[PDB]
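For reference, the chain that follows is the form deposited in one PDB entry, supplied as structure tokens.
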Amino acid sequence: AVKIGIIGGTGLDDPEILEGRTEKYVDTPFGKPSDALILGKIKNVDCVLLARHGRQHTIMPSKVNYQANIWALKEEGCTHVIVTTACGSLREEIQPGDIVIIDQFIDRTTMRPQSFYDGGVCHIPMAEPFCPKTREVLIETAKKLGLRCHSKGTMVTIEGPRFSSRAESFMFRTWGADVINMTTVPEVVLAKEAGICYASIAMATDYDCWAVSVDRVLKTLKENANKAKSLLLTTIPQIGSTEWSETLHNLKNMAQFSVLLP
């Protein structure tokens, strides 16, 4: 059986997406998650919703307890984790409102714990950071819904809370980055360490500055949130009808063998 964890990003964390919801505040060895876990279902698939910045959206990217969030979802029994995230576009073809099913990341964060093994020692591989099988279903589903969707993309995650300078924005383009946010790393890294199939639904809200402002971002998100909701509602039932016995087995093995015992 599968259980989908869902981490709602800025303006993309509507709990109405789940039926038969039940709130559940939890705790973890790394502190409390951003907010209470929302247990519920999409069709016959068990899901767990968690607002990344809190239902009040008061926690800044740098202060989000990524460790607690991923740990909590794992503890609740989540096999997969699909998240949503607002980001800026670094490519002309990626227009505001467009969905990007990212497949790579470039870390630009500086003050963020990125491992559960803060002391054995865990050196987890990051070649393919996002669950390919889940990304495949998201892409096919976006297509069935007729949505503008990019099948891949490299997300550069900055520390924030400030936005990038134009020089940084142009620089990131030369490094091969396609979109930019403040939350993909270390969320994706910790999910890998937990042996969880992780995928991200990035929602381009602007062209960064290669013009970007809070109001601009919140505005585009409001106008496009429905897309991410529809994609999740349609995608998830499809995951609950596929076999992941082997896929999850490989993630479990990679995570375990990446730990150096004393």
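Each residue number is its position in the shown sequence, starting from 1. Only residues modelled in both forms are compared. In this text, rigid core is short for the largest set of C-alphas that superpose within 1.5 Å between two forms.
The next section is about a form of this same protein that is not shown, the form deposited in another entry.
Rigid core fitted, then: does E243 show a CA shift of 2 angstroms or greater between the shown form and the other one?
Superposed on the core, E243 moves its C-alpha less than 2 Å between the shown form and the other one.
Hey, the CA atoms of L37 and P15 end up closer or farther in the other entry than in the shown form, with the change being 3 Å or more?
It is farther: the C-alpha separation of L37 and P15 rises by at least 3 Å in the other entry.
If the C-alpha spacing of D13 and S34 moves by 3 Å or more in the other entry, is that a move closer or farther apart?
So the answer is farther.
Taking only residues present in both forms and a 2 angstroms threshold on CA movement, what segments of three or more in a row shift between the shown form and the other one once the core is aligned?
Moving region between the shown form and the other one: 9-20, nothing else.
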